[PDB]
file my_file-v9.pdb (PDB, C-alpha atoms and all ligand atoms)
ATOM      1  CA  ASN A   1     -16.458   5.709  -3.577
ATOM      2  CA  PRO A   2     -14.772   2.654  -5.145
ATOM      3  CA  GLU A   3     -11.002   3.073  -5.382
ATOM      4  CA  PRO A   4      -8.244   0.704  -6.527
ATOM      5  CA  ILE A   5      -7.019  -1.669  -3.828
ATOM      6  CA  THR A   6      -3.474  -0.532  -3.007
ATOM      7  CA  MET A   7      -1.135  -0.761  -0.029
ATOM      8  CA  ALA A   8      -2.685   2.451   1.316
ATOM      9  CA  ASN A   9      -5.932   0.597   2.112
ATOM     10  CA  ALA A  10      -4.890  -3.060   2.476
ATOM     11  CA  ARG A  11      -2.994  -4.963   5.167
ATOM     12  CA  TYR A  12      -1.630  -8.499   5.086
ATOM     13  CA  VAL A  13      -3.604 -11.024   7.141
ATOM     14  CA  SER A  14      -3.511 -14.770   7.682
ATOM     15  CA  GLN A  15      -5.487 -17.312   5.677
ATOM     16  CA  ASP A  16      -9.216 -17.479   6.420
ATOM     17  CA  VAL A  17     -11.669 -19.784   4.671
ATOM     18  CA  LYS A  18     -14.259 -16.978   4.580
ATOM     19  CA  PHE A  19     -12.043 -14.861   2.297
ATOM     20  CA  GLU A  20     -12.101 -14.776  -1.514
ATOM     21  CA  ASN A  21      -9.832 -16.969  -3.648
ATOM     22  CA  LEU A  22      -8.981 -14.540  -6.432
ATOM     23  CA  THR A  23      -7.619 -16.247  -9.549
ATOM     24  CA  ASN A  24      -7.471 -13.444 -12.147
ATOM     25  CA  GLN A  25      -7.242  -9.644 -12.233
ATOM     26  CA  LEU A  26      -5.430  -9.605  -8.899
ATOM     27  CA  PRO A  27      -4.740  -6.346  -7.050
ATOM     28  CA  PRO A  28      -1.114  -5.145  -6.965
ATOM     29  CA  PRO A  29      -0.568  -6.307  -3.337
ATOM     30  CA  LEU A  30      -1.097  -9.886  -4.583
ATOM     31  CA  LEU A  31       1.365  -9.999  -7.481
ATOM     32  CA  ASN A  32       4.841 -11.391  -8.178
TER
ATOM     33  CA  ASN B   1      15.297  13.873  16.868
ATOM     34  CA  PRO B   2      15.476  13.880  13.049
ATOM     35  CA  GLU B   3      15.752  10.320  11.746
ATOM     36  CA  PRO B   4      15.651   8.819   8.244
ATOM     37  CA  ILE B   5      12.281   7.975   6.732
ATOM     38  CA  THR B   6      11.782   4.210   6.559
ATOM     39  CA  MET B   7       9.091   1.554   6.845
ATOM     40  CA  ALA B   8       9.483   1.780  10.629
ATOM     41  CA  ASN B   9       8.045   5.315  10.618
ATOM     42  CA  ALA B  10       6.378   5.757   7.199
ATOM     43  CA  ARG B  11       2.843   4.563   6.439
ATOM     44  CA  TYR B  12       1.462   4.471   2.909
ATOM     45  CA  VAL B  13      -1.503   6.767   2.252
ATOM     46  CA  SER B  14      -3.560   7.780  -0.760
ATOM     47  CA  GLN B  15      -2.660  10.756  -2.933
ATOM     48  CA  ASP B  16      -3.463  14.225  -1.596
ATOM     49  CA  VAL B  17      -2.858  17.728  -2.939
ATOM     50  CA  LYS B  18      -1.375  18.986   0.343
ATOM     51  CA  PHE B  19       1.588  16.581   0.262
ATOM     52  CA  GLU B  20       5.061  17.517  -0.928
ATOM     53  CA  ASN B  21       5.968  16.530  -4.486
ATOM     54  CA  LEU B  22       9.568  15.333  -4.221
ATOM     55  CA  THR B  23      12.009  14.922  -7.106
ATOM     56  CA  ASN B  24      15.448  14.677  -5.434
ATOM     57  CA  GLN B  25      16.829  12.860  -2.380
ATOM     58  CA  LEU B  26      13.771  10.636  -2.100
ATOM     59  CA  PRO B  27      13.231   8.474   0.994
ATOM     60  CA  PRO B  28      13.704   4.723   0.448
ATOM     61  CA  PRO B  29       9.931   4.072   0.667
ATOM     62  CA  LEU B  30       9.331   6.338  -2.343
ATOM     63  CA  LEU B  31      12.184   4.887  -4.425
ATOM     64  CA  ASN B  32      11.934   2.264  -7.188
TER
HETATM   65  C1  LIG C 101     -10.852 -20.892  -0.928
HETATM   66  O1  LIG C 101     -10.081 -22.090  -0.962
HETATM   67  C2  LIG C 101     -10.024 -22.772   0.298
HETATM   68  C3  LIG C 101      -9.098 -23.950   0.111
HETATM   69  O2  LIG C 101      -9.116 -24.414  -1.233
HETATM   70  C4  LIG C 101     -11.429 -23.178   0.738
HETATM   71  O3  LIG C 101     -11.349 -23.744   2.041
HETATM   72  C5  LIG C 101     -12.057 -24.998   2.074
HETATM   73  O4  LIG C 101     -13.412 -24.826   2.505
HETATM   74  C6  LIG C 101     -14.167 -26.046   2.545
HETATM   75  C7  LIG C 101     -15.580 -25.672   2.926
HETATM   76  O5  LIG C 101     -15.630 -25.075   4.214
HETATM   77  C8  LIG C 101     -13.522 -27.022   3.526
HETATM   78  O6  LIG C 101     -14.236 -28.254   3.498
HETATM   79  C9  LIG C 101     -12.064 -27.256   3.154
HETATM   80  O7  LIG C 101     -11.435 -28.064   4.140
HETATM   81  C10 LIG C 101     -11.326 -25.927   3.038
HETATM   82  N1  LIG C 101      -9.952 -26.140   2.614
HETATM   83  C11 LIG C 101      -8.897 -25.770   3.346
HETATM   84  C12 LIG C 101      -7.550 -26.069   2.757
HETATM   85  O8  LIG C 101      -9.022 -25.219   4.436
HETATM   86  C13 LIG C 101     -12.348 -21.965   0.765
HETATM   87  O9  LIG C 101     -13.687 -22.373   1.024
HETATM   88  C14 LIG C 101     -12.296 -21.220  -0.565
HETATM   89  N2  LIG C 101     -13.104 -20.014  -0.504
HETATM   90  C15 LIG C 101     -14.020 -19.701  -1.426
HETATM   91  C16 LIG C 101     -14.763 -18.419  -1.202
HETATM   92  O10 LIG C 101     -14.237 -20.419  -2.396
HETATM   93  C1  LIG C 102       1.784  18.154  -6.327
HETATM   94  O1  LIG C 102       1.402  17.820  -7.668
HETATM   95  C2  LIG C 102      -0.015  17.738  -7.869
HETATM   96  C3  LIG C 102      -0.227  17.286  -9.295
HETATM   97  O2  LIG C 102       0.580  18.031 -10.197
HETATM   98  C4  LIG C 102      -0.654  19.089  -7.573
HETATM   99  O3  LIG C 102      -2.066  18.984  -7.715
HETATM  100  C5  LIG C 102      -0.304  19.534  -6.160
HETATM  101  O4  LIG C 102      -0.800  20.847  -5.929
HETATM  102  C6  LIG C 102       1.208  19.521  -5.952
HETATM  103  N1  LIG C 102       1.535  19.868  -4.579
HETATM  104  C7  LIG C 102       2.652  20.516  -4.234
HETATM  105  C8  LIG C 102       2.826  20.793  -2.771
HETATM  106  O5  LIG C 102       3.485  20.861  -5.063
END
call {"tool": "encode", "arguments": {"input": "my_file-v9.pdb", "output": "structure tokens"}}
result
Amino acid sequence: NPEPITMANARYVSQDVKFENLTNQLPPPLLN
Amino acid sequence: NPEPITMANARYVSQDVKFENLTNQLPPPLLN
């Protein structure tokens, strides 16, 4: 059941090269 | 031991119909 990525389902983690380098349409936890 | 609600004891969760809808004297996590 796709839901918006918010702080309720995301935690901050360190940099990993296997992650995704989002450049546009970022989720709220990755803004400002 | 009643203590103020803060990030030390409050964890963000998704919306649910069984939670209290608050309008006055909000905890700091729910402000702004
Ligand atoms: C996201 O960007 C980082 C850094 O720009 C990429 O990490 C690089 O990965 C290549 C291939 O393994 C390495 O040769 C580089 O040394 C890495 N750079 C750094 C700074 O560690 C990463 O691959 C990118 N991820 C995606 C999915 O594109
Ligand atoms: C809180 O508000 C939502 C939306 O109006 C409602 O569905 C829910 O029953 C309410 N819950 C309480 C405890 O007031």
call {"tool": "residues_near_ligand", "arguments": {"input": "my_file-v9.pdb", "ligand": "ligand LIG 102 (chain C)", "cutoff": "7 Å", "atoms": "all atoms listed in the file", "output": "ChimeraX atom specification"}}
result
/B:17-21
call {"tool": "calpha_fit_rmsd", "arguments": {"input": "my_file-v9.pdb", "fixed": "chain B", "moving": "chain A"}}
result
0.4 Å
call {"tool": "axis_aligned_box", "arguments": {"input": "my_file-v9.pdb", "around": "ligand LIG 101 (chain C)", "padding_each_side": "5 Å", "output": "JSON"}}
result
{"center_x": -11.6, "center_y": -23.3, "center_z": 1.0, "size_x": 18.1, "size_y": 19.8, "size_z": 16.8}
call {"tool": "residues_around", "arguments": {"input": "my_file-v9.pdb", "residues": "region 6-16 of chain B", "least_positions_apart": "3", "cutoff": "12 Å", "atoms": "all atoms listed in the file", "output": "PyMOL selection string"}}
result
(chain A and resi 3-11) or (chain B and resi 2-3+19-21+26-31)
call {"tool": "write_last_selection", "arguments": {"input": "my_file-v9.pdb", "atoms": "C-alpha atoms", "output": "tab-separated table (two decimals), keeping the file's coordinate frame"}}
result
chain	number	residue	atom	x	y	z
A	3	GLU	CA	-11.00	3.07	-5.38
A	4	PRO	CA	-8.24	0.70	-6.53
A	5	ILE	CA	-7.02	-1.67	-3.83
A	6	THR	CA	-3.47	-0.53	-3.01
A	7	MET	CA	-1.14	-0.76	-0.03
A	8	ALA	CA	-2.68	2.45	1.32
A	9	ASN	CA	-5.93	0.60	2.11
A	10	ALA	CA	-4.89	-3.06	2.48
A	11	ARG	CA	-2.99	-4.96	5.17
B	2	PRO	CA	15.48	13.88	13.05
B	3	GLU	CA	15.75	10.32	11.75
B	19	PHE	CA	1.59	16.58	0.26
B	20	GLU	CA	5.06	17.52	-0.93
B	21	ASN	CA	5.97	16.53	-4.49
B	26	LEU	CA	13.77	10.64	-2.10
B	27	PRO	CA	13.23	8.47	0.99
B	28	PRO	CA	13.70	4.72	0.45
B	29	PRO	CA	9.93	4.07	0.67
B	30	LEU	CA	9.33	6.34	-2.34
B	31	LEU	CA	12.18	4.89	-4.42
call {"tool": "atom_distance", "arguments": {"input": "my_file-v9.pdb", "atom1": "CA of residue 1 (chain A)", "atom2": "CA of residue 22 (chain A)"}}
result
21.8 Å
call {"tool": "atom_distance", "arguments": {"input": "my_file-v9.pdb", "atom1": "CA of residue 32 (chain A)", "atom2": "atom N1 of ligand LIG 101 (chain C)"}}
result
23.5 Å
call {"tool": "build_atoms", "arguments": {"input": "my_file-v9.pdb", "residues": "chain B", "atoms": "N, CA and C atoms", "output": "short mmCIF file (atom, residue, chain, number, x, y, z; two decimals), in the frame of the given file"}}
result
data_model
loop_
_atom_site.label_atom_id
_atom_site.label_comp_id
_atom_site.auth_asym_id
_atom_site.auth_seq_id
_atom_site.Cartn_x
_atom_site.Cartn_y
_atom_site.Cartn_z
N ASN B 1 14.11 14.59 17.31
CA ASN B 1 15.30 13.87 16.87
C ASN B 1 15.13 13.45 15.42
N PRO B 2 15.63 14.24 14.47
CA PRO B 2 15.48 13.88 13.05
C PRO B 2 16.11 12.53 12.74
N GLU B 3 15.33 11.66 12.11
CA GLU B 3 15.75 10.32 11.75
C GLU B 3 15.33 10.04 10.31
N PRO B 4 16.02 9.13 9.63
CA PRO B 4 15.65 8.82 8.24
C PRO B 4 14.25 8.24 8.14
N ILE B 5 13.59 8.54 7.02
CA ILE B 5 12.28 7.98 6.73
C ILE B 5 12.46 6.53 6.28
N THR B 6 11.72 5.62 6.90
CA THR B 6 11.78 4.21 6.56
C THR B 6 10.44 3.57 6.88
N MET B 7 10.33 2.27 6.58
CA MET B 7 9.09 1.55 6.84
C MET B 7 8.75 1.52 8.33
N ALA B 8 9.74 1.75 9.20
CA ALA B 8 9.48 1.78 10.63
C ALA B 8 8.69 3.01 11.05
N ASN B 9 8.73 4.08 10.26
CA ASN B 9 8.04 5.32 10.62
C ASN B 9 7.23 5.92 9.48
N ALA B 10 7.15 5.27 8.33
CA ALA B 10 6.38 5.76 7.20
C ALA B 10 5.24 4.79 6.91
N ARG B 11 4.04 5.34 6.73
CA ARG B 11 2.84 4.56 6.44
C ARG B 11 2.25 5.04 5.13
N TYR B 12 1.99 4.11 4.22
CA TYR B 12 1.46 4.47 2.91
C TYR B 12 0.05 5.03 3.02
N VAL B 13 -0.20 6.12 2.29
CA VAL B 13 -1.50 6.77 2.25
C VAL B 13 -1.84 7.08 0.80
N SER B 14 -3.11 7.43 0.57
CA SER B 14 -3.56 7.78 -0.76
C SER B 14 -3.07 9.18 -1.13
N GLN B 15 -3.17 9.49 -2.42
CA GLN B 15 -2.66 10.76 -2.93
C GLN B 15 -3.49 11.92 -2.42
N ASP B 16 -2.81 13.01 -2.06
CA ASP B 16 -3.46 14.22 -1.60
C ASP B 16 -2.72 15.43 -2.15
N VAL B 17 -3.45 16.53 -2.34
CA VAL B 17 -2.86 17.73 -2.94
C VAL B 17 -2.04 18.55 -1.96
N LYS B 18 -2.12 18.25 -0.67
CA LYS B 18 -1.38 18.99 0.34
C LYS B 18 -0.03 18.36 0.66
N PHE B 19 0.32 17.26 0.01
CA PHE B 19 1.59 16.58 0.26
C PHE B 19 2.68 17.13 -0.65
N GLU B 20 3.92 16.98 -0.20
CA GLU B 20 5.06 17.52 -0.93
C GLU B 20 5.41 16.62 -2.11
N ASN B 21 5.52 17.23 -3.29
CA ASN B 21 5.97 16.53 -4.49
C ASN B 21 7.49 16.57 -4.52
N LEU B 22 8.12 15.42 -4.31
CA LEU B 22 9.57 15.33 -4.22
C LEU B 22 10.15 14.80 -5.52
N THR B 23 11.29 15.36 -5.92
CA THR B 23 12.01 14.92 -7.11
C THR B 23 13.46 14.54 -6.85
N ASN B 24 14.06 14.98 -5.75
CA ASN B 24 15.45 14.68 -5.43
C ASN B 24 15.56 14.22 -3.99
N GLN B 25 16.55 13.37 -3.72
CA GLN B 25 16.83 12.86 -2.38
C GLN B 25 15.59 12.20 -1.77
N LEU B 26 14.99 11.30 -2.54
CA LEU B 26 13.77 10.64 -2.10
C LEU B 26 14.06 9.68 -0.94
N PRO B 27 13.11 9.52 -0.03
CA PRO B 27 13.23 8.47 0.99
C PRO B 27 13.15 7.10 0.37
N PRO B 28 13.72 6.08 1.01
CA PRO B 28 13.70 4.72 0.45
C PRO B 28 12.30 4.21 0.18
N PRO B 29 11.29 4.53 1.01
CA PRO B 29 9.93 4.07 0.67
C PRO B 29 9.42 4.57 -0.67
N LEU B 30 9.81 5.77 -1.09
CA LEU B 30 9.33 6.34 -2.34
C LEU B 30 10.23 6.02 -3.53
N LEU B 31 11.29 5.24 -3.34
CA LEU B 31 12.18 4.89 -4.42
C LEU B 31 11.60 3.74 -5.25
N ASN B 32 12.34 3.34 -6.28
CA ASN B 32 11.93 2.26 -7.19
C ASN B 32 10.56 2.52 -7.80
#
